[PDB]
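Fold and contact review
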Amino acid sequence: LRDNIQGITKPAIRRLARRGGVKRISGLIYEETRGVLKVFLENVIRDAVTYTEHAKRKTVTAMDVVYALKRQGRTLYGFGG
Amino acid sequence: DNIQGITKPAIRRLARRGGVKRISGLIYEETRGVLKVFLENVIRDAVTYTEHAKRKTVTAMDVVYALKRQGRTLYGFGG
Amino acid sequence: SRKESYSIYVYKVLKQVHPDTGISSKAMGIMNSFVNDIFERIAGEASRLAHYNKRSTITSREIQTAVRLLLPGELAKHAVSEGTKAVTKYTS
Amino acid sequence: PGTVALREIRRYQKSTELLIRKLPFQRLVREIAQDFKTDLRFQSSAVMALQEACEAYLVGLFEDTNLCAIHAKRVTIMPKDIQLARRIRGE
Amino acid sequence: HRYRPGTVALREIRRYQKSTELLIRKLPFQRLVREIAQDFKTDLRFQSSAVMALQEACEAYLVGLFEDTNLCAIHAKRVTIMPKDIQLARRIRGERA
DNA sequence: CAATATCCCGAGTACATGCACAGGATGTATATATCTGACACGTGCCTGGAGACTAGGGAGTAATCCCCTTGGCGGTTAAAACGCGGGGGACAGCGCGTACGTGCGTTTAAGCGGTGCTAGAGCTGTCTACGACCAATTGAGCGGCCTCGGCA
């Protein structure tokens, strides 16, 4: 895959920011926030793939990512488990 | 009252280990607030593990298990 | 094969407290997750309590303690007062 | 002046939609998994369950980041605030 | 002879950041954990080593709170710590609000 | 340059530690065991691919002044250092709990047969909620009429 973190386009970061309650966003927040999101994805999808490899599956499934989240103190309600 | 025996210079020592140069005079009576609530939250659990087992002295293991529960583990007294 | 869920007891309890009201399916999955999260936390803490005291069983008191640790505040003294209804009725 | 930026707050705090475009986020998660193993397949609900957890982390970080900008007497958030909010949080 | 304000504060850092000894007096902290305990169960007894594991955990909490507080004061251009700093640190770590 | 301080080195200092010892409880060792689940076999689904198209968004730019940023501000205390107070620190013993052992007997697990609760079924069969549109309201700014204060 090419460079797909650039697909978290600047306006989308502003939407997330706007939800969070902030008025004014310096231009260096965009390239910092992509950095934070890529580090979070790495540390959850690694666990989700290790739960997958244990079961001899190829397809990653919703319970794998939910168990991956559950161990990091970041439990998600909505997809079971 | 017994909480005022967490004397001003003791707070300064704790602070000095933490690396702060200069301490506002409002920090003394405010810091006592956070110590008093922290002790409140682990003694509730330590006396809970005590009352469970019917004994009526709090052991080192009780305060270890109380601290372990709240994510503030100590290695020292019995893991 | 059957899949099993708590989905009917949460609905049954909803009609206990809001007789006109309902749940959307997506908002059922929340309760069906929440209710089994609190199951696991009680089971896990009650299990450790038996182990620390080197018991094998898990009687009522091995759970009433696990609730009185795990719940935050008024919910502890309410849930303890609620569960001691249930077993007191059951043992008659 | 300075009012339309504030009008957006009242919009996005009322809606509960997902705020990142779906396909661009899905192709990023396929990229990041390739260095863990080649030729995964992702279940369509797994990709959603990532997105729902990401947005809920990002928006929690901007809530905790703004508090730092207020502390420095500013309005504008800056990377030094994100850095503080992550260091003090323990990331 | 008399030093400059600042000189002795940095001398104290290099002292208490090199020792590992306990910083609160024993008896005054032992009185405090008894008073907070008797509000929850009357006529307790403590083992002599239980109160030590309280103290060694408290000091290590206080010292961590200050280390995370100073980070706020430094960010806010000051060097002096003030209550408004602790309220920020303790809110981002999710303890109080 | 003077002074307080940290650094450094050797004497003299209890006990801590590492060890040797007796001995006990448990890890081993062998034989037996079924059954977990490994493995093998197909079942059938979705994960994926692959197209056509609009319209939403995204990116870009332009103009610009808000907000940040900086300097210089004036005002008051944490720090410094000392004097100065009482309080944290080191021994004598009581007996109460904790442990631990004994015999306390409550309940669970298991295997038994019967049976009704639940959870997958529908186009169920609608119709709450979901857009779609209309209508009201307030508020703000721009014209317009009219007393009076400073000037000929």
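Here's a quick rundown of the structure.

Turning our attention to helix 2 (residues 26-37) of chain E. Its twelve residues place the ends of helix 2 of chain E 17 Å apart at the C-alpha level, agreeing with the 16 Å of an ideal helix rising 1.5 Å per residue. Residues of helix 2 of chain E that are buried sit in contact with helix 2 (27-52) of chain B together with strand 1 (45-46) and helix 3 (50-75) of chain E.

A separate point is the interface of chain A and chain D. On the chain D side, the residues contacting the 46 residues of chain A number 52 residues. Taken together, the two surfaces of chain A and chain D that pack against each other cover about 5000 Å², and 71% of this comes from carbon and sulfur. For chain A, the biggest contributors to the area lost against chain D are A:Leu16, A:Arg18 and A:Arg19; these three give 16% of the whole. Seen at the junction of chain A and chain D, the total is two salt bridges. The closest approach of N and O atoms between A:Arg18 and D:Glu8, which form a salt bridge, is 2.7 Å. Between chain A and chain D we count 17 residue pairs in polar contact in total. At the level of secondary structure, the elements contributing two or more residues to the side of chain A that touches chain D comprise helix 1 (10-20), strand 1 (24-25), helix 2 (29-54), strand 2 (59-60) and helix 3 (62-70) of chain A. The element that contributes the greatest number of residues to the side of chain A that touches chain D is helix 2 of chain A, accounting for 14 residues. Taken together, the residues of the side of chain A that touches chain D sort by class into 24 nonpolar, eight polar and 14 charged. Here two bridges tie strand 1 of chain A to strand 2 (residues 76-77) of chain D, and the two strands are oriented parallel to one another. Paired with A:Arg24 across the strands is D:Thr76, a residue of strand 2 of chain D.

Aromatic rings considered in pairs are described by the distance between their centres and by the relative angle of their planes. Here the structure, examined in full by the defined rule, presents six aromatic pairs over all chains. Relative to B:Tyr65, the ring of B:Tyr49 has its centre 6.2 Å away and its plane inclined at 45°; by these criteria the two rings are tilted. With B:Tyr49 in helix 2 and B:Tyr65 in helix 3 (residues 60-69), the pair connects residues that are 16 residues apart, well separated along the chain. The exposure class assigned to B:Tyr65 is partly exposed, which follows from its relative accessible area of 23%. Three or more aromatic residues joined by ring pairs form one cluster here, namely B:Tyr49, B:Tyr65 and C:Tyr52.

What follows is about the interface of chain C and chain B. Across the boundary between the two partners, chain C contributes ten residues, which contact nine residues of chain B. Buried surface at the junction of chain C and chain B, summed over both partners, amounts to about 990 Å²; 57% is from carbon and sulfur atoms. The largest per-residue losses of area from chain C upon contact with chain B belong to C:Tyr52, C:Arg61 and C:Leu69, which jointly make up 53% of the total buried on that side. Counting across the chain C and chain B interface gives zero salt bridges. The tally of links from chain C across to chain B stands at four residue pairs in polar contact. Elements supplying a minimum of two residues to the side of chain C that touches chain B: helix 2 (25-52) and helix 3 (60-70) of chain C. With five residues, helix 3 of chain C is the single largest residue contributor to the side of chain C that touches chain B. Its residues placed into classes, the side of chain C that touches chain B shows four nonpolar, two polar and four charged.

According to the stated counting rule, one finds two cavities of 30 Å³ or more in the structure shown. The space that makes up the largest cavity amounts to roughly 60 Å³. As for the largest cavity, its lining consists of A:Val66, A:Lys70, A:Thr75, A:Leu76, A:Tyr77, A:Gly81 and C:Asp37. Its residues placed into classes, the lining of the largest cavity shows three nonpolar, two polar and two charged. In this structure, the second largest cavity occupies an estimated 40 Å³ of space. A:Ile45, A:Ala48, A:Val60, A:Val65, D:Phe42, D:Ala46 and D:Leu50 together form the lining of the second largest cavity.

This part covers the protein's contact with DNA strand F. Around DNA strand F, the structure places 42 residues, and the nearest of them are A:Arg15, B:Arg12, C:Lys3, D:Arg30 and D:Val75. Near-protein atoms of DNA strand F (within 4 Å) split between backbone and bases, with sugar and phosphate holding 93%. At 2.7 Å, a side-chain N or O of B:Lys56 approaches a phosphate oxygen of DNA strand F. Contact distances for DNA strand F include 2.9 Å between a phosphate oxygen and a side-chain N or O atom of C:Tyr9. Put simply, the parts of the chain that give the surface near DNA strand F at least two residues each are helix 1 of chain A, helix 1 (8-18) and strand 1 (22-23) of chain B, helix 1 (7-17) of chain C, strand 1 (41-42) of chain D together with helix 1 (7-16) and helix 2 of chain E. For the surface near DNA strand F, the class distribution of residues is twelve nonpolar, nine polar and 21 charged.

Cut-off values and rules
Residues numbered from 1 in each chain as written, not as in the entry; some residues may be left out. Chains lettered and ligands numbered in written order. Part of a larger assembly, values for the part shown. Heavy atoms only, no water. Helix = DSSP H or I, 4+ residues; strand = E, 2+ residues; numbered from the N terminus. Expected span 1.5 Å × (residues − 1). Contact = heavy atoms within 4.5 Å. Buried area = accessible area lost by both parts, 1.4 Å probe. Salt bridge = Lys/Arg side-chain N within 4 Å of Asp/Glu carboxyl O. Polar contact = N/O pair within 3.5 Å; in protein donor to acceptor, adjacent residues only side chain to side chain. Nonpolar A, V, L, I, M, F, W, Y, C, P; charged D, E, K, R; others polar. Pairing = 2+ DSSP bridges. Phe/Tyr/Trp six-rings, centres within 6.5 Å; stacked < 30°, edge-to-face > 60°. Buried < 20%, exposed > 50% of the residue type's maximum accessible area, 1.4 Å probe, protein only. 1 Å grid on protein atoms, 1.4 Å probe; cavity = no way out; pocket = protein on both sides within 12 Å on 5 of 7 lines; lining within 4 Å. Points joined across faces, edges and corners; volume = space filled by probe spheres on them. Near = heavy atom within 4 Å.

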